[PDB]
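S.K.: Got a structure here, written out as structure tokens. Questions coming.
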Amino acid sequence: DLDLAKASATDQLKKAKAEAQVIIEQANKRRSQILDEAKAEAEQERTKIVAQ
Amino acid sequence: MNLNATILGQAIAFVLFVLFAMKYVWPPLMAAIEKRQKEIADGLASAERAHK
């Protein structure tokens, strides 16, 4: 049982690792997404002011 | 009944059975139990760390 549990404790650590990375990956993706939507909107509003 | 030199001879017959036991019976028999008890105790130690 103690051998099996040691073999179990690596899996939980490994999945915590990989899922931490997928989470931070999606959060970085969302940052690189919203910071791009920001540019797309800001330039449109700049052109709207100069058109005003 | 009658006291007899048998009382002396039984002292000779007695002591040797003490020494042969002390040397060649008792420690070898104590080990047989205590080693198994140690194995079961370390079994409990493994059971502890198994969930810890």
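S.K.: Kindly count the pairs of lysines across the protein assembly as shown whose alpha carbons are less than 16 Å apart, treating pairs on different chains or eight or more residues apart as eligible. Don't jump to the answer; show the numbers that get you there.
M.R.: Values: A:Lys6/A:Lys14; A:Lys6/A:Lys15; A:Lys6/B:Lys52; A:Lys29/A:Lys39; A:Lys39/A:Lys48.
So the count of such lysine pairs works out to 5.
S.K.: Still on this structure, I have one more. What is the percent of Cα-Cα separations in chain B that go past 16 Å? List each step's numbers first, then the result.
M.R.: Values: 877 of 1326 pairs.
Summing the P(r) of chain B above 16 Å gives 66 percent of all pairs.
S.K.: Helix-only mean residue ellipticity at 222 nm, chain A, DSSP H runs n ≥ 4 weighted -39,500 (n - 2.57), per residue, nearest 500. What is it? Don't skip to the answer; put the middle values down first.
M.R.: On the way: 1 runs with 50 residues, N = 52.
Value at 222 nm, helices only, nearest 500: -36000 deg cm²/dmol.
S.K.: To the nearest 10 degrees, how steeply does helix A:2-51 sit against the main Cα axis of chain A, on a 0 to 90 scale?
M.R.: With both axes taken from Cα atoms, the answer is about 0 degrees.
S.K.: Here's another thing I want to ask about it. With angles folded into 0 to 90 degrees, how steeply does helix B:6-24 sit against the dominant principal axis of chain B? Use alpha carbons for both and round to 10.
M.R.: That works out to roughly 20 degrees.
S.K.: I've got another one for you. Taking the radius of gyration and the Kirkwood hydrodynamic radius from Cα positions alone, what is the Rg/Rh ratio for the protein assembly as shown, to two decimal places?
M.R.: Here the Rg-to-Rh quotient is 1.82.
Every number here is computed from the coordinates shown, using simple stated rules; none is lab data.
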